[PDB]
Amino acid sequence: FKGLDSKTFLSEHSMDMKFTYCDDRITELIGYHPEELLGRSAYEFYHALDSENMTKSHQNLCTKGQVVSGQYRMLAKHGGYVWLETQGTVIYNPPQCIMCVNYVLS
């Protein structure tokens, strides 16, 4: 039994969904090293059956500025899929990036 907290990590993304930053915490939970994530689109990581829904969550996010993804599977570094739920927030300056708070369900 890990905590809710010990299963939550942040990521930051450019507007095209590529990772620009990730907490080291993701390693423990999913196997990725943040440095191997940077420059890759988050889309690369979704299970195909959650894909169209994440495309929609992304649309609600760009237009409304904040979204709650609802349940999705992310391919894990060493095979299989982890369940997540993400809160996204767009940070606008004077759109500049997306901040994601990611919670691992499974």
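The first residue of the sequence shown is number 1, and the count goes up from there.
Peer 1: Could you find out if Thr89 - modelled in this structure - is missing from at least a third of the other PDB entries compared that contain residues on either side?
Peer 2: Result for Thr89: never missing in the compared entries.
Peer 1: Just how many deposited residues go unmodelled from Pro94 to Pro95: none, 1 to 3, 4 to 9, or 10 or more?
Peer 2: The entry has 4 to 9 unmodelled residues between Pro94 and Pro95.
Peer 1: What stretch has the higher average Cα B-factor here, 78-86 or 21-29?
Peer 2: Comparing averages over the C-alpha atoms only gives 78-86.
Peer 1: Could you check which stretch, 31-39 or 48-56, carries the larger mean CA temperature factor in the entry?
Peer 2: Taking the mean C-alpha B-factor of 31-39 and of 48-56, the larger value falls to 48-56.
Peer 1: Would you please rank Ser106 by its C-alpha temperature factor against the other modelled residues of its chain and give the third it falls in: lowest, middle or highest?
Peer 2: Highest third, going by the recorded CA B-factors of the chain.
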